[PDB]
Amino acid sequence: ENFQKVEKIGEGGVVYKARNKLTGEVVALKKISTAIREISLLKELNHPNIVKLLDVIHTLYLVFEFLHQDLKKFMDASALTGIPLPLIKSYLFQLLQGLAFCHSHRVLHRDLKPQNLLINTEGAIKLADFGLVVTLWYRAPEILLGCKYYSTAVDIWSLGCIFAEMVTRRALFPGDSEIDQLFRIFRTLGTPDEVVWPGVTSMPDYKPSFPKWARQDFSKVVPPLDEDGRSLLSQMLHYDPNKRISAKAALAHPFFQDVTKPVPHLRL
Ligand SMILES: O=c1cc(CN2CCOCC2)c2ccc(O)cc2o1
C-alpha cells in the first residue's frame, strides 16, 4: 500500500508504473512458498544489464527498477531508418554480458523478446521480465520440439532472433502457432536431422513426417549485415544446443572488435 499506481505498463500478472510513497521512487510494480524462496534469491542477481528487482512483497508484488522505453517501441520508432549498426552492436554486446552473468549463476531467462529488453537515455539495455496471445517468435527449436530440460542455449537463440530483427527491421520467424514457428525455422535453416543435430529425432514432438526443406543461404536472411555479424548470427542459431555459441564465447567474437557505446535518440 506503500504504492500509488500511475499507469498500466503492460500485462505480462499486470505491470504498473507506480510511486513508492515512503521513498519517492518511481518503480515498475508487478502484481502476480517454494516460489517465494526462488523469487527471493533473484533479488541478489544484480548486474548493470539486468533490471533490478528492488523488493518482493508477499501480503505477491515484485517491485522493479523503472525504465521508460523497450526495444520493441524503439524498433517501431526506428523503422523508416533502422537502428544504426554501432547501436545494434552495442545492445547485442550488452545483452550478451547480462546473459553471461545470469548463465554463470545458472539462471536462464527463457522468454527473451524485444518487449522485455528495456533501454535508457545513457545507451544501456537491460534484461527484464525473467521467466520462472503468447509470442513464439523467439522460441528455440528444442523448446518447440517438447524438450523439458533445456539449457542456457535457449536464450542465445532468442537473442540471435532479436539481433536479426534489429538488422532487417523485420521479425525473423514470425510464427503464429508452434507448428508454424517450427516450419518457419525449418524453411530458413533447413529441416534438422541427426547429421546437424544428433538426438533431434528423439525429441518428444519430433515427427518423421515433418517436411524436408533445404537450408537457405544466410546472405539472403540478414542483408546487409557484414560477414562478422552473419558468422556470429549463424553460431547463435545453431540447431544443436550443445553447439550453439555461449554468451561468454560470443563476447570474444570478432564482430565486437570495434564495439562502442552510442547513445540513442529517445522520445519519452
Ligand atoms: O518484469 C517486468 C516487466 C515489464 C514490462 N513487461 C515486459 C513484457 O511485456 C509486458 C510488459 C517491465 C517494464 C518496465 C520496468 O522498468 C520493469 C519491468 O519489469
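Numbers in the numbering used here are just positions in the sequence shown, counted from 1, shifted up by 30. For every residue, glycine included, the Cβ atom is placed at its ideal position computed from N, Cα and C.
Cα atoms of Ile118 and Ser63: separation of roughly 40 Å, rounded to the nearest angstrom. In this structure, DSSP gives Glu74 a state outside helix and strand, which the three-state scheme calls coil. Contact between the segment 154-164 and the segment 244-262 is not established, with fewer than three Cβ pairs separated by less than 8 Å. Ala158 has its alpha-carbon roughly 20 Å from the corresponding atom of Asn50. Placement of the Cβ of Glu68 at a distance of 7 Å or more from every heavy atom of ligand 1 is found. In this structure, the alpha-carbon of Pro144 lies about 5 Å from that of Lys102. If you draw a straight line from the Cα of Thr182 to the Cα of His139, it is about 8 Å long.
Distance from the C-beta of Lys60 to the nearest heavy atom of ligand 1 is below 7 Å.
Rounded to whole angstroms, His283 and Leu129 show a C-alpha spacing of 15 Å. With contact defined as three or more Cβ pairs closer than 8 Å, the segment 244-260 and the segment 211-225 are in contact. About 20 Å separates the Cβ atoms of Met233 and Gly190, ruling out a contact at the 8 Å cut-off. Taking 8 Å as the cut-off, the beta carbon of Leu84 is found closer than this to the beta carbon of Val57. A Cβ-Cβ contact shorter than 8 Å links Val86 with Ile69. If you check the C-beta of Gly43 against ligand 1, you find no heavy atom less than 7 Å away.
Excluding the 5 residues flanking it on each side, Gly40 has same chain C-beta neighbours closer than 8 Å at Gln145, in chain order. Apart from the 5 residues on each side of it in sequence, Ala170 sits with its Cβ closer than 6 Å to the Cβ of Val184, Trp187 in its chain, given in chain order.
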